[PDB]
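Below you'll find the structure, written out as structure tokens, and then a few comments.
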Amino acid sequence: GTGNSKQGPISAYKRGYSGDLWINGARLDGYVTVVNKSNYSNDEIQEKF
Amino acid sequence: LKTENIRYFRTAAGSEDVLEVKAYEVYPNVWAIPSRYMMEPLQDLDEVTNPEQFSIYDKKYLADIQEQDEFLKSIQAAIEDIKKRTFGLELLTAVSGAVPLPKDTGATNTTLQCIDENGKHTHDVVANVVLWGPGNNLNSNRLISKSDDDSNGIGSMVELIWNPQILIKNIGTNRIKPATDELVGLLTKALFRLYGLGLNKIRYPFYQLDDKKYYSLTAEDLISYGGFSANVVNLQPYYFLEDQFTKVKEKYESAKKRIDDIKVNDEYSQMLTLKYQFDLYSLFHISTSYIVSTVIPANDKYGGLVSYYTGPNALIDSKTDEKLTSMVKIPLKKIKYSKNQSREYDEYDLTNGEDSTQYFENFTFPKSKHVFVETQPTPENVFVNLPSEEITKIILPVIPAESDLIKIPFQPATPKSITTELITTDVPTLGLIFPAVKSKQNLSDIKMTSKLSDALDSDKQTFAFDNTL
Amino acid sequence: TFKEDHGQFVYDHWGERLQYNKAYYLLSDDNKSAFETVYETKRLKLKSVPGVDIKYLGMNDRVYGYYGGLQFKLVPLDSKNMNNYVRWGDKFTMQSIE
């Protein structure tokens, strides 16, 4: 989920976050997790869905 | 998330008094008692007759009130750390919605007895997992069941002895394998006891030892330790659990029938409808691959022998992030080098294996359906069968009981001793590279070499694998 | 050779390049589980898609089912027509079909 719409970037009040979201198979995460781009995301294995 | 004063259903190391503990609800139907496991006698290092391996002993640890509120802040920071992992709170929700079948109206098989300011037992609170402190042994993370209902189909309340203060460290990477990696490994195993699957009794060979004895694991231990080869669930004509799946299926698919046999609430009957909606395929294929960390690149090979794989040098403390310095490290073999002494390789391996030599010969196979089932060697998400949002909308009310307490005795494990061989080798071995590759001097005086037969002989030189380095 | 044969396209399960304005069953690749609306509302619940009892060369194989749950077009950002292909880096908008 890119976080933008055709009207520009989606409000984090409406959406919940601001940037990219991987789409997972987990409810109770809302089938989304934040794409981690910090300097710790390659310290372990990424676990892509 | 309530907090009660609980009159416990056990007695503190043979005191025969009522044990009144302060329980806290850290997840729905998941209670934390941040006191040590009072039911086994808390000893010091000098009081223990035959100590376990990698087994730091210490009294007075959660007797203090300040450092036992530091223990609750370590459980509450751990369940908040499982919740922040993908599929993490769907495991915690599976544990929340795994309420065992009631023995009677109310629940005198799964509840903690709550008591007022004075000790008048006024109501009891529904528990699935009670998350106790360490026992006598500080790193002995166990999953003590309340009843023997875990092998019955009813499901049993589970006491989870767990210590977040002792961690395994990737020594090459300096990444600490987190506390919650063994907590998710035990909440997984709690699901097989809360569903009444008798998968903790039969132990299957997993690691042949040096006398052709087997380090054996249960189907609970095998499934809960994440991905692993020799899968329980290797479909190739389902082989594992020879004539034992038919027992586990009869335990599951009979308890699904007796679901309105005894009525407790409109919410206890509503969680029990949602409990047997997670099918038996989903339990045996629980993968917590997204929740455990890939800190140790091999964690899905061994059968939870992370401390033996990495060595005891990797066992550290949470507050210090250095070695424990008080664990009894009793090796299996002391391999000593002849041409220069003090090059000992202490081989911490396993001993006292089971005698399962006639296991792969007497292997019964189930009656196969003669169907190739298209499978995929990676794990699966299996919580799509779990009614995970429907569990979270159900909070079970407190039940007015005012009935007296039934006490259940706790008889611990009787561990065998580790007899240490003292081997003296006249020749370099693979084990004597560990001794040779370590050193205790600075760069000006290190004197590296690329030869075992000089590092092992001198005790001034250090082994390396590349003459340029 | 196998990675570079695929080029810069995103593919179907069948191995054919993805297309905008094409009815796609969106599945999970591990359970092969597909989306489904909660009873009356517009919230989604991932539900499992049942397998297929085939005969493969006279045998009785049981293979992954794929026709389950909600279908989703991939509408591009200003709509062109159907048979345009999706590449790595192509942003779209998953439109429900039902």
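Just so we're on the same page: first chain in the structure tokens is A, next is B, and so on; residues restart at 1 for each chain, and ligands are numbered from 1 in the order they show up.
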Nearby residues (only C-alpha atoms) at most 9 Å from range 14-17 of chain B, same-chain spacing under 5 positions excluded, as a ChimeraX atom specification: /B:39-41
Backbone DSSP call of strand (DSSP E) for chain A, listed as a ChimeraX atom specification: /A:4-5,8-9,21-23,32-34
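Using only C-alpha atoms, one finds that the residues of chain C close to chain B, at 8 Å or less, are residues 30, 31, 33, 46, 47, 48, 59, 60, 61, 62, 63 and 64 of chain C.
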Close residues, residue 37 in chain A itself excluded, 12 Å, only C-alpha atoms, min 4 positions apart in chain, as a PyMOL selection string: chain A and resi 19-21+41-43+46
Restricted to N, CA and C atoms, what would the selected residues look like written as an mmCIF file, in the first residue's frame?
data_model
loop_
_atom_site.group_PDB
_atom_site.id
_atom_site.type_symbol
_atom_site.label_atom_id
_atom_site.label_comp_id
_atom_site.auth_asym_id
_atom_site.auth_seq_id
_atom_site.Cartn_x
_atom_site.Cartn_y
_atom_site.Cartn_z
ATOM 1 N N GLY A 19 3.428 6.041 5.306
ATOM 2 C CA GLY A 19 4.263 5.525 4.207
ATOM 3 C C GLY A 19 3.754 4.198 3.674
ATOM 4 N N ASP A 20 4.697 3.367 3.240
ATOM 5 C CA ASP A 20 4.404 2.046 2.648
ATOM 6 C C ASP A 20 3.902 1.080 3.710
ATOM 7 N N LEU A 21 3.029 0.179 3.319
ATOM 8 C CA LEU A 21 2.572 -0.932 4.183
ATOM 9 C C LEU A 21 2.632 -2.218 3.373
ATOM 10 N N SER A 41 16.853 -3.445 9.668
ATOM 11 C CA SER A 41 15.876 -4.307 8.975
ATOM 12 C C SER A 41 16.603 -5.443 8.270
ATOM 13 N N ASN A 42 17.907 -5.315 8.034
ATOM 14 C CA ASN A 42 18.663 -6.400 7.371
ATOM 15 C C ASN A 42 19.543 -7.127 8.380
ATOM 16 N N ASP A 43 19.361 -6.854 9.671
ATOM 17 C CA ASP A 43 20.049 -7.620 10.737
ATOM 18 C C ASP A 43 19.439 -9.012 10.871
ATOM 19 N N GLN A 46 13.883 -11.094 6.358
ATOM 20 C CA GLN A 46 12.858 -10.047 6.143
ATOM 21 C C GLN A 46 11.467 -10.622 6.381
#
Filtered DSSP result for range 149-300 of chain B, state alpha helix (DSSP H), as a count of residues only: 45
Residue contacts of residue 453 in chain B (10 Å, only C-alpha atoms) excluding same-chain residues fewer than 6 positions away, as a ChimeraX atom specification: /B:339,427-428,436,463
Within 10 Å of chain A: residues of chain C, using only C-alpha atoms, as an NGL selection string: :C and (27-31 or 33-35 or 43-47 or 77-78 or 91-93)
Take the residues from that selection and put them in a file with C-alpha atoms, as a PDB file, in the first residue's frame.
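result.pdb, freshly written:
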ATOM      1  CA  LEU C  27      -4.658 -15.466  -2.854  1.00  0.00           C
ATOM      2  CA  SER C  28      -2.031 -15.855  -0.113  1.00  0.00           C
ATOM      3  CA  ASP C  29       0.558 -18.340  -1.655  1.00  0.00           C
ATOM      4  CA  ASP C  30       0.939 -20.260   1.666  1.00  0.00           C
ATOM      5  CA  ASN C  31      -2.583 -21.371   2.600  1.00  0.00           C
ATOM      6  CA  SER C  33      -6.511 -18.156   1.355  1.00  0.00           C
ATOM      7  CA  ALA C  34      -8.649 -15.399  -0.171  1.00  0.00           C
ATOM      8  CA  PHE C  35     -10.397 -12.235   1.036  1.00  0.00           C
ATOM      9  CA  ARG C  43     -14.243  -5.074   6.154  1.00  0.00           C
ATOM     10  CA  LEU C  44     -12.200  -7.973   4.785  1.00  0.00           C
ATOM     11  CA  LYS C  45     -11.515 -11.381   6.355  1.00  0.00           C
ATOM     12  CA  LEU C  46      -8.952 -13.735   4.746  1.00  0.00           C
ATOM     13  CA  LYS C  47     -10.750 -17.126   4.260  1.00  0.00           C
ATOM     14  CA  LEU C  77      -3.843   5.484 -12.359  1.00  0.00           C
ATOM     15  CA  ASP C  78      -5.567   6.837 -15.506  1.00  0.00           C
ATOM     16  CA  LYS C  91       1.321   1.602  -9.244  1.00  0.00           C
ATOM     17  CA  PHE C  92      -2.344   0.668  -9.529  1.00  0.00           C
ATOM     18  CA  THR C  93      -5.552   0.518  -7.543  1.00  0.00           C
TER      19      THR C  93
END
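With only C-alpha atoms as the basis for measurement, B:421 is the residue among B:421, B:4, B:181, B:150 that approaches residue 347 in chain B most closely.
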Distance in Å - CA of residue 84 in chain C versus CA of residue 22 in chain C: 9.7 Å
Within 7 Å of chain B: residues of chain A, using only C-alpha atoms, as a PyMOL selection string: chain A and resi 26+28+44-45+47
